Amino acid sequence: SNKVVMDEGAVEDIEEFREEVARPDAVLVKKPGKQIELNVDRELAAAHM
Amino acid sequence: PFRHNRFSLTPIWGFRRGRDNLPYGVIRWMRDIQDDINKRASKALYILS
(Lines give C-alpha, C1' and ligand atoms only; values in the text may rest on other atoms or scores of the structure.)
Protein backbone atom coordinates (compact mmCIF):
# COMPACT_ATOMS: atom_id res chain seq x y z
CA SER A 1 0.00 0.00 0.00
CA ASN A 2 1.10 3.56 -0.69
CA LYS A 3 1.23 6.34 1.88
CA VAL A 4 0.30 9.79 0.56
CA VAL A 5 1.30 13.23 1.82
CA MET A 6 0.05 15.98 -0.47
CA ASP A 7 -1.03 19.57 -0.73
CA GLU A 8 -4.59 20.00 0.48
CA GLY A 9 -5.93 20.36 -3.06
CA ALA A 10 -3.82 17.79 -4.87
CA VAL A 11 -6.78 15.69 -6.07
CA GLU A 12 -10.34 16.69 -6.92
CA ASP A 13 -11.91 13.33 -5.95
CA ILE A 14 -10.34 12.12 -2.71
CA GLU A 15 -12.38 8.91 -2.57
CA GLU A 16 -11.26 7.61 -5.96
CA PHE A 17 -7.74 8.78 -5.16
CA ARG A 18 -7.93 6.75 -1.94
CA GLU A 19 -9.12 3.66 -3.78
CA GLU A 20 -6.92 3.76 -6.91
CA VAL A 21 -3.51 4.71 -5.45
CA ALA A 22 -2.55 1.11 -4.68
CA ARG A 23 -3.72 0.02 -8.13
CA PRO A 24 -0.74 -0.59 -10.46
CA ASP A 25 -2.98 0.26 -13.44
CA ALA A 26 -4.75 3.35 -12.11
CA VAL A 27 -4.88 6.69 -13.91
CA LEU A 28 -4.60 9.56 -11.43
CA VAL A 29 -5.27 13.24 -12.13
CA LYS A 30 -3.85 15.99 -9.93
CA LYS A 31 -4.10 19.77 -9.92
CA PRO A 32 -1.18 21.68 -11.48
CA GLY A 33 0.22 23.66 -8.55
CA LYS A 34 -0.42 21.10 -5.79
CA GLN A 35 2.34 18.54 -5.24
CA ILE A 36 1.85 14.79 -4.73
CA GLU A 37 4.25 12.64 -2.70
CA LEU A 38 3.36 8.97 -3.07
CA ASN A 39 5.54 6.35 -1.37
CA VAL A 40 6.22 8.51 1.67
CA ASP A 41 7.88 5.61 3.50
CA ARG A 42 9.39 2.66 1.64
CA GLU A 43 12.78 2.19 3.33
CA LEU A 44 10.70 1.11 6.34
CA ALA A 45 9.84 -2.14 4.54
CA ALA A 46 13.52 -2.92 4.01
CA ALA A 47 14.23 -1.97 7.63
CA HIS A 48 11.51 -4.33 8.87
CA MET A 49 12.78 -7.16 6.66
CA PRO B 1 25.57 -38.13 66.36
CA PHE B 2 27.88 -38.28 63.34
CA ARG B 3 31.58 -38.85 64.00
CA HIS B 4 32.68 -36.19 61.50
CA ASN B 5 32.78 -32.78 63.18
CA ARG B 6 31.33 -30.73 60.33
CA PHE B 7 27.88 -29.82 59.07
CA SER B 8 26.13 -32.08 56.58
CA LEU B 9 25.59 -29.27 54.07
CA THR B 10 28.61 -28.66 51.83
CA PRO B 11 28.58 -25.43 49.81
CA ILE B 12 29.77 -25.71 46.21
CA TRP B 13 31.28 -22.24 45.90
CA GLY B 14 31.35 -20.01 42.83
CA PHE B 15 32.56 -16.48 42.19
CA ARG B 16 33.06 -14.88 45.60
CA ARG B 17 33.08 -11.11 46.02
CA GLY B 18 36.39 -9.87 47.37
CA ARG B 19 35.02 -7.08 49.56
CA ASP B 20 32.27 -8.93 51.44
CA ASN B 21 33.17 -12.60 50.76
CA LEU B 22 29.67 -12.96 49.32
CA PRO B 23 29.22 -15.56 46.57
CA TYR B 24 27.82 -14.45 43.22
CA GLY B 25 27.04 -16.37 40.05
CA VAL B 26 28.41 -16.17 36.54
CA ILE B 27 25.47 -14.00 35.51
CA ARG B 28 26.08 -10.50 36.87
CA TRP B 29 28.05 -8.99 33.97
CA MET B 30 26.04 -10.98 31.43
CA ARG B 31 22.98 -9.61 33.25
CA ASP B 32 23.85 -5.94 32.91
CA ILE B 33 24.89 -6.26 29.27
CA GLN B 34 21.71 -8.25 28.59
CA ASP B 35 19.45 -5.58 30.04
CA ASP B 36 21.29 -3.02 27.92
CA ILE B 37 20.69 -5.22 24.86
CA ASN B 38 16.98 -5.41 25.65
CA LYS B 39 16.81 -1.62 25.98
CA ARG B 40 18.55 -1.25 22.61
CA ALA B 41 16.06 -3.65 21.01
CA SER B 42 13.05 -1.79 22.38
CA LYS B 43 14.47 1.60 21.38
CA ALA B 44 15.33 0.61 17.81
CA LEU B 45 12.04 -1.21 17.24
CA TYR B 46 10.12 1.83 18.47
CA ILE B 47 12.15 4.20 16.30
CA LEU B 48 11.47 2.11 13.20
CA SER B 49 7.79 1.69 14.05
# chains A, B, ... in the order shown; residues from 1 in each chain; ligands from 1

call {"tool": "select_by_dssp", "arguments": {"residues": "chain A", "states": "helix (DSSP H, G or I)", "output": "list in words"}}
result
residues 14, 15, 16, 17, 18, 19, 20, 43, 44, 45, 46, 47 and 48 of chain A

call {"tool": "interface_residues", "arguments": {"of": "chain B", "to": "chain A", "cutoff": "10 Å", "atoms": "only C-alpha atoms", "output": "PyMOL selection string"}}
result
chain B and resi 45+48-49

call {"tool": "atom_distance", "arguments": {"atom1": "CA of residue 22 (chain B)", "atom2": "CA of residue 3 (chain B)"}}
result
29.8 Å

call {"tool": "select_by_dssp", "arguments": {"residues": "chain A", "states": "strand (DSSP E or B)", "output": "ChimeraX atom specification"}}
result
/A:4-6,36-38

call {"tool": "write_last_selection", "arguments": {"atoms": "N, CA, C and O atoms", "output": "mmCIF file, in the first residue's frame"}}
result
data_model
loop_
_atom_site.group_PDB
_atom_site.id
_atom_site.type_symbol
_atom_site.label_atom_id
_atom_site.label_comp_id
_atom_site.auth_asym_id
_atom_site.auth_seq_id
_atom_site.Cartn_x
_atom_site.Cartn_y
_atom_site.Cartn_z
ATOM 1 N N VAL A 4 0.406 8.567 1.351
ATOM 2 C CA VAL A 4 0.295 9.789 0.565
ATOM 3 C C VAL A 4 0.344 10.988 1.498
ATOM 4 O O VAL A 4 -0.482 11.107 2.410
ATOM 5 N N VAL A 5 1.302 11.879 1.260
ATOM 6 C CA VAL A 5 1.298 13.226 1.819
ATOM 7 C C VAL A 5 1.266 14.190 0.643
ATOM 8 O O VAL A 5 2.031 14.041 -0.318
ATOM 9 N N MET A 6 0.355 15.154 0.691
ATOM 10 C CA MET A 6 0.054 15.977 -0.467
ATOM 11 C C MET A 6 -0.427 17.348 -0.026
ATOM 12 O O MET A 6 -0.857 17.542 1.113
ATOM 13 N N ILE A 36 2.207 16.124 -5.202
ATOM 14 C CA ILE A 36 1.852 14.792 -4.727
ATOM 15 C C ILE A 36 3.130 14.063 -4.344
ATOM 16 O O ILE A 36 4.089 14.033 -5.124
ATOM 17 N N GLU A 37 3.148 13.487 -3.147
ATOM 18 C CA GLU A 37 4.246 12.641 -2.699
ATOM 19 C C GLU A 37 3.697 11.269 -2.334
ATOM 20 O O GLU A 37 3.316 11.037 -1.183
ATOM 21 N N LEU A 38 3.654 10.369 -3.310
ATOM 22 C CA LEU A 38 3.359 8.967 -3.066
ATOM 23 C C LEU A 38 4.616 8.282 -2.551
ATOM 24 O O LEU A 38 5.725 8.803 -2.697
#

call {"tool": "residues_around", "arguments": {"residues": "residue 35 (chain A)", "least_positions_apart": "4", "cutoff": "9 Å", "atoms": "only C-alpha atoms", "output": "number ranges by chain"}}
result
A: 5-7, 9-10, 30-31

call {"tool": "residues_around", "arguments": {"residues": "residue 1 (chain A)", "least_positions_apart": "2", "cutoff": "9 Å", "atoms": "only C-alpha atoms", "output": "list in words"}}
result
residues 3, 21, 22, 23 and 39 of chain A
